[PDB]
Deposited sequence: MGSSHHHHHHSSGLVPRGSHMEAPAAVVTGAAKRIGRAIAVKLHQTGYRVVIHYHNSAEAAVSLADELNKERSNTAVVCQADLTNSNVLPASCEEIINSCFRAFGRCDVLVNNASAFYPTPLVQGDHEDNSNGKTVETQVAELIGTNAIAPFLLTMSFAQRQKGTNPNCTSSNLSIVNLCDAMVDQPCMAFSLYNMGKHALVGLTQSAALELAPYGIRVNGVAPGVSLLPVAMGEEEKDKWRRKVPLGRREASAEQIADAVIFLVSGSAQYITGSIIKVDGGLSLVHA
């Protein structure tokens, strides 16, 4: 029987590449998404055409609220519903926008940035563990620049720091249940075609290894490693995939 994974925010970009790569490795996948319904269904179609009945979509808002625990539990439930098991959880979904200290309310900024980046991963991790030869693991998508943060992104940065804290705490506490917990910390990756060519090149030049952002495949390679049998002693570890960006001083 093929193991099954949940990838949050999987309809596009790095989450999509993670889902594709896990599918290519033999996983059945729950493609979770929030607003990108067309991209999600189109991805699930391509994967199921490749192998029947090995991909489903699952919609959920991961903004913090009093029903967020039930939403997270239902994402987990959808994987058991569809495939009878849940071996891997990848927490990739993330809100990302500036929140200067000096048109969303601050309440909403808090709920979106802290919810997606930290509270949802915590509640999904609860639900993952509670619901449980086997190679069980969680991979959190962290951020290699967490200690040299982007100006005015304080709530985003707080959320990613909390995610490292969850990675550690959960690796510690889920170790006796055989569940490993680790992270992948991207530097700059897959800059949106949207963004100006001059701004993208600004970021690119700073990266020592090749003066280029990471491809989505490159991030995904690190995730595949941590879920594999090749990482069975690895827990509480966070792998930077940043081309040395975090080593460059101002």
Item to check | Unmodelled ranges, which are counted on the deposited sequence from position 1 and given in order | outcome: 1-21, 124-132, 163-170
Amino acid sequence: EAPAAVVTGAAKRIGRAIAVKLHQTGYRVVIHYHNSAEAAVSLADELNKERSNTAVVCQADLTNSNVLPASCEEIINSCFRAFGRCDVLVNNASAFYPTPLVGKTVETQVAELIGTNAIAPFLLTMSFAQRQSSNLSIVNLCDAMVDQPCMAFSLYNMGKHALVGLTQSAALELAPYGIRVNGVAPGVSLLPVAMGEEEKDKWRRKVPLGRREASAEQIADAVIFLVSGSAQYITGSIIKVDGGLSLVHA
From here on, numbers count along this sequence of modelled residues.
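So that the term is clear: the rigid core is the largest set of C-alpha atoms that superpose within 1.5 Å between two forms.
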Next on the checklist: Fitting on the rigid core only, I'd like to know which of the two stretches, 203-211 or 28-36, ends up farther away in Cα terms in 9 other deposited structures of this protein.
Outcome noted: 203-211
Checklist entry - After fitting on the rigid core, which stretch moves more in 9 other deposited structures of this protein, 52-60 or 213-221, going by C-alpha RMS? => result 213-221
Checklist entry - Is it true that residue 98 has no coordinates in a third or more of the other entries in the comparison? => result no
Checklist entry - Thinking of the other compared PDB entries, is residue 127 one of those residues unmodelled in at least a third of them? => result no
Checklist entry - Given the B-factors recorded for C-alpha atoms, which segment has the greater mean, 42-50 or 177-185? => result 42-50
Next on the checklist: Can you tell me whether 133-141 has a higher mean C-alpha B factor than 114-122 in this record, or the other way round?
Outcome noted: 133-141
Item to check | Out of 90, 164, 155, 150, residue topping the C-alpha B-factor column of the entry | outcome: 150
Item to check | residue 194 - which third its CA temperature factor falls in, relative to the rest of the chain | outcome: highest
Checklist entry - With respect to C-alpha B-factor, does residue 250 fall in the lowest, middle or highest third of the chain as deposited? => result highest
Checklist entry - Lowest, middle or highest third: where is residue 172 by C-alpha B factor in its chain? => result middle
Item to check | Chain third (lowest, middle, highest) by recorded CA B-factor, residue given as residue 237 | outcome: middle
Next on the checklist: For the chain shown, is the CA B-factor of residue 101 in the lowest, middle or highest third of its modelled residues?
Outcome noted: middle
